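Novice: so I pulled this structure from the PDB, and the sequence comes with it:
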Amino acid sequence: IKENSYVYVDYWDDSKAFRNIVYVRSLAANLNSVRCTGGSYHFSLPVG
Amino acid sequence: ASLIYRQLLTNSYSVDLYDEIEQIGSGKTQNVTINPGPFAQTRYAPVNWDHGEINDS
């Protein structure tokens, strides 16, 4: 994933506020930016 | 025969019973009293059309 790429997260909840989202005139929101880090992966290789 | 009018006036109280009878006979309806205050019709939104999410790679 790079600057060219986007990442999507579908989300839903059974609260009143989210249950009332069937018709919408405007939906704005601000979020905290966060860091995504990648771990390590051993490529299981049967030689070398 | 003058007593017809006297009798009708004196016995007039029975019309209350008659009113109760016709009230029981009559069907009934009612109102759901209407709301005023549609003084501001509301448009949808500022809407702009565009192609969806292209799936690039």
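Specialist: Right, received. Where do you want to start? Numbering: from 1, shown residues only, chains lettered A, B, ... in the order given.
Novice: ok, how many other residues are close to residue 14?
Specialist: Picked chain A for this. 6 (other CB atoms under 10 Å in any protein chain shown). In short, each C-beta sits where N, CA and C put it, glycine included.
Novice: wrong chain, I was asking about chain B
Specialist: 8.
Novice: identify the residue nearest the residue of chain B found nearest chain A in space, chain neighbours excluded?
Specialist: The nearest approach of chain B to chain A comes at residue B:45, 5.0 Å away (CB to the nearest CB). In this structure, residue B:45 finds its nearest non-sequential neighbour in residue A:25, 5.0 Å apart by CB to CB, 6 or more residues apart in numbering or on different chains.
Novice: so which strand or helix has the one you found?
Specialist: Using DSSP states H and E, no element contains residue A:25; it sits outside every helix and strand.
Novice: quick one on the thing from earlier: correct me, but the residue of chain B closest to chain A touches residue A:27?
Specialist: No - Residue B:45 is beyond contact range of residue A:27, at 10.3 Å (criterion: CB atoms under 8 Å).
Novice: more crowded one of the two?
Specialist: For residue B:45 versus residue A:27, the count of surrounding residues by other CB under 10 Å is larger for residue B:45: 9 against 6.
Novice: what about the more buried one, which helix or strand?
Specialist: Here residue B:45 is assigned to no helix or strand, by DSSP H and E.
Novice: ok, it to residue A:10 distance?
Specialist: Separation of residue B:45 from residue A:10 (CB to CB, to the nearest Å): 23 Å.
Novice: mind listing the helices for the chain?
Specialist: Using chain A here. Here chain A has its helices, by DSSP state H, at A:16-19.
Novice: think we crossed wires, I meant chain B
Specialist: Under the criterion DSSP H, chain B contains helices at B:3-11, B:14-25.
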